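This document starts with one chain, in the form deposited in one PDB entry, laid out as structure tokens.
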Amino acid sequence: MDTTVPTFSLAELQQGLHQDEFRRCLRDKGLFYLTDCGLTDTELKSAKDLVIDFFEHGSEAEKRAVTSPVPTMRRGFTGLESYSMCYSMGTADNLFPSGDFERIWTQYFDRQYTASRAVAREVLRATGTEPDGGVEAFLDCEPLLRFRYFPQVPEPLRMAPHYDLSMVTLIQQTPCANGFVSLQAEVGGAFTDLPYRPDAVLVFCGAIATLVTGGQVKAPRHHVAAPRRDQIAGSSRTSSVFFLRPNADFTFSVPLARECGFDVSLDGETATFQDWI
């Protein structure tokens, strides 16, 4: 029945407002838009503008020097040379075309990481959860930021819904000129579209939220629908996805894990994050 996605301000949540609405949302939907956390459309536009700049005007040699050496190294670019381009970075071992690039993207990462820690803090507090070793050690982690740009042109294997392997994930997207929403999830047994919203950021909870809160938070299945050969006049878009992932050494009791419906990939009593990849 219920297929709407609520918006909340983070400031408002930190002041004890909307406690019930937010508790229920987490348990029943695991996803929500969020205002008044320290991100801006502008910050995003400028990080984007700088990447696209490089994509178009970068020497062939410059590009080689920061293309990702191997798929394992999820750092640097992919798909920019001679179904789209992609830039990835983490807390370290990053690759960088220029000095001003380093500064803008390092700052955009820190900001995204500060926001995503803040949201996570709120998700734990709402469900009364103190992970072992404390909230802060848990939240001080090994995150990853994938930015992805789909350019234009004019001259489709539908992948299946997944849940994310993250405490939380934050998505900012620029829109499509043609109104096409490429991002969909399951809210109350239906597929709901999740557009760009002005000065909001989309937030999925993930497996680790479910695990860490003892089952209290849902991790919604979602997928990125590509467009067909008919709605591509004005369908350039970007998204910026930030995975707040735990430290490899984090652990969870396996009775509880399969109890939800996640890939039982290890045959043990309890386990850690890293081997589950």
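Each residue number is its position in the shown sequence, starting from 1. Here the rigid core means the biggest group of C-alpha atoms that line up within 1.5 Å when the two forms are laid on top of each other.
Keep in mind that the form deposited in another entry is not shown, yet the notes after this line are about it.
Query - Exceeds or equals 2 Å, Cα of residue 253 between this form and the one not shown, core fit - result: After core superposition, the C-alpha of residue 253 moves 2 Å or more between this form and the one not shown.
**Report entry** C-alpha of residue 21 moved at least 2 Å between this form and the one not shown on rigid core
**Finding:** The answer is no, as the C-alpha of residue 21 shifts between this form and the one not shown by less than 2 Å after core alignment.
Report task. Determine whether the C-alpha of residue 263 shifts by 2 Å or more between this form and the one not shown once the rigid core is superposed. Result -> Residue 263: C-alpha displaced by 2 Å or more between this form and the one not shown.
**Report entry** Shift in CA distance, residue 214 and residue 260, in the other form relative to the form shown here, given it is 3 Å or more
**Finding:** It is closer: the C-alpha separation of residue 214 and residue 260 falls by at least 3 Å in the other form.
Query raised in the report: With a C-alpha distance change of 3 Å or more, do residue 221 and residue 263 lie closer or farther in the other form?
Result: Those two alpha carbons end up farther apart in the other form.
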